[PDB]
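Quick heads-up: it's one chain on its own, the form deposited without this ligand, in structure tokens.
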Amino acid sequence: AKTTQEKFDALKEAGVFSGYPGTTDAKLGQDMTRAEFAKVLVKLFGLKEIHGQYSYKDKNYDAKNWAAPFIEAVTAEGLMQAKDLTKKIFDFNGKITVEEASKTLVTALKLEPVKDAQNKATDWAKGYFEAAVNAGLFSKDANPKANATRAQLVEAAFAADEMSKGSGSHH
């Protein structure tokens, strides 16, 4: 098996991952914004960017925001949602958490959230986190509430890619 760095390099060559902002580097101990993760998902799952539509009210969520076409694509696909449903705030510069990433990936991979999940996750996420751990996307000791490291995100994305590639329909 590949190291995390090798998985990063493979996903970067494939156009799925980028360097930490302002770099081309793996920076495996750093964290990742929800905007960046939306782009990962689009690339990972072959989603279509959506230009000229804005489903959120965040300040500076507009045509000049590079991430909007990706955020809109993951929104249309049902993978990501507002952080604050009432204010329709996506929190694009907020950091993606382990449990948020788990929900995205479980949903994209059509995995069933675990009924009666018992774990550290926030209530809404227990079933998703559980399903993600059971599927090997995150280790059992990951803190669901924590910001995911780039290592964790590389390892999860790489595993989701491998799973998805087991359908003859994979892009």
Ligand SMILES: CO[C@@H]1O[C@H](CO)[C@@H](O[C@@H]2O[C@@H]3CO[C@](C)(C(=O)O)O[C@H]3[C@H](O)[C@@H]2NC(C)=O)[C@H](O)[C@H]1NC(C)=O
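Rigid core here is just the name for the largest C-alpha set that superposes within 1.5 Å across the two forms. So that there is no doubt, residue numbering starts at 1 and follows the sequence shown.
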52-60 or 130-138, whichever carries the higher mean Cα B-factor: 52-60
Of 33-41 and 112-120, the one with larger mean CA B-factor: 112-120
CA B-factor placement of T97, once the chain's modelled residues are sorted into thirds: lowest
Chain-relative CA temperature factor third for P69: middle
CA B-factor placement of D25, once the chain's modelled residues are sorted into thirds: highest
Ranked C-alpha temperature factor of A156 among modelled chain residues, by third: lowest
CA B-factor placement of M163, once the chain's modelled residues are sorted into thirds: highest
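Keep in mind that the form deposited with this ligand bound is not shown, yet the notes after this line are about it.
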In the deposited complex, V106 touching this ligand (heavy atom, 4.5 Å): no
4.5 angstroms heavy atom contact with this ligand in the deposited complex for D58: no
Touches this ligand in the deposited complex: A68 (any heavy atom, 4.5 Å): no
Non-hydrogen atom contact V40 with this ligand in the deposited complex at 4.5 angstroms: yes
Rigid-core-referenced C-alpha movement of 2 Å or more between the shown form and the other one, selected from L47, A67, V133, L111: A67
Large Cα move at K88 between the shown form and the other one, threshold 2 Å, rigid core: yes
Rigid core superposed: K57 CA moves 2 Å or more between the shown form and the other one: yes
C-alpha of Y20 moved at least 2 Å between the shown form and the other one on rigid core: yes
